[PDB]
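Two separate entries follow, structure 1 and structure 2, each one form of the same protein chain as structure tokens.
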Structure 1
């Protein structure tokens, strides 16, 4: 089985062409392949399939390291788009794909970045889910003794975004866990710590739901920019610097989808025995 190893800002994938190859997985096999010493070594497996539909170019599925299928992953989307172009499975700039989260068009740019339509940010508390009276630009939250001002938004997953003076001194290790499982977040939240450098440039650290600080959370980058836009702090195109590198977010506000442009690195190609 031919595969490619890729990463989107350090979130790493085994990617497989199941369009031109017969490719068979079981949950146990995926677990073995994910193992960094005994296998290929990856966070997620992305399998590329034919569309079975004349209005689609591909289908793709993503499996986690435990061998179960995953719903939305836009690091996934970027690796997918570059993979099908690098492997010659398509030559299209605008790639139509179906996924477990529905249908999408991905655009591969001239500088080999991939632009993802992440949908319209939903600020409605019930959609997050977030306990509040109603939607507000800024909420006051208590995190034990500390008073926190934040914005809260759903990108399909829940985000709490806090402005900080300096991401490097932000109390991520202490405030992150307290907010991630705060009583006001029935399904927990990703906690973003956002430093506004210019209206066009933020630095960001994200304490991810059930994971703690990660190198790059693309959905947190979208959420921080959506919140910062709504709060009057940010322009409509914003450079986001995460620990793993750069994303560029574009959003014209309510009534519009938010776009996330980011890299996908191709590390090596392999063939596995089996």
Structure 2
């Protein structure tokens, strides 16, 4: 029987497999069989933990979707992976070094058993966004149909434009989202964040993602909202972020420093399946 776990992180459901102590080969056919909720297990994504390829790393892990293709989204599943290798006794380290389809990460398991991730240093240079603007301001004006808006823009690796809203439920996500998402001044579109500041260390946020709309959890959008709120002088260097999918904790000492995102991963179940 192949052992597996189900875990939930960043609002996604992972089947998680220890392929370090288990010998199993995840062909696309096996993966699709496993994705089937009546024939197999059923999952949003499959996280497979493997021995490292590099003697200075602790593990490698891969993510596969239900079609049986490998997914390479940066930081995807990192929280569940770190908690998982600890829960299963594959490691006892709190700073776990791991390679993924997108490169190498160091994940830290906090004493609260949350997982902290280095996201890099935010970039406000409009060329790097890319954003149509002559120079970087802490705030920008943009026309958006009948409306005029104020916004911050930053790159976390992908483009973000963040609006301060007075309440995320009385926020026209559905109408302003698409208009700014593909606005002229974003050559590559942008993720549109709607940030209700509750306290200097507590934000509510809804994000209209690039070409995807509303998702329950976009970690890079939480990073982005906090980064501009800080750059704009509105936020403490340690912010709780409340999204539809749950809660993230961002931390950042400002320019010259990297931004840290911290988040939970829930262990849902263990299970066996014969192949």
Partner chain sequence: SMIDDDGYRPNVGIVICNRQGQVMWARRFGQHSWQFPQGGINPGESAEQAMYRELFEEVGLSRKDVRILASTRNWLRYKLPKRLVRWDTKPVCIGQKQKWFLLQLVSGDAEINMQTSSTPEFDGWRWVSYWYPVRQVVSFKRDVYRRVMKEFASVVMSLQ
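The term rigid core refers to the most C-alpha atoms you can superpose between the two forms while keeping them within 1.5 Å. Numbering follows the first chain given and starts at 1.
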Answer check: the form deposited with its partner chain bound matches structure 2
Discussion item. Does residue 43 move appreciably between structures 1 and 2, meaning a CA displacement of 2 Å or more on the superposed rigid core?
Written reply: yes
Q.
Checking residue 233 here: with the core superposed, does its CA move 2 Å or more between structures 1 and 2?
A. no
_At a 2 Å cut-off on C-alpha positions, does residue 94 qualify as shifted between structures 1 and 2 after fitting the rigid core?_
no
When only the core is superposed, residue 108 shows a C-alpha shift between structures 1 and 2 in angstrom of 0.6
In Å, the rigid core superposition gives a C-alpha shift for residue 63 between structures 1 and 2 of 2.2
The CA shift of residue 7 between structures 1 and 2, rigid core aligned, in angstrom, is 1.1
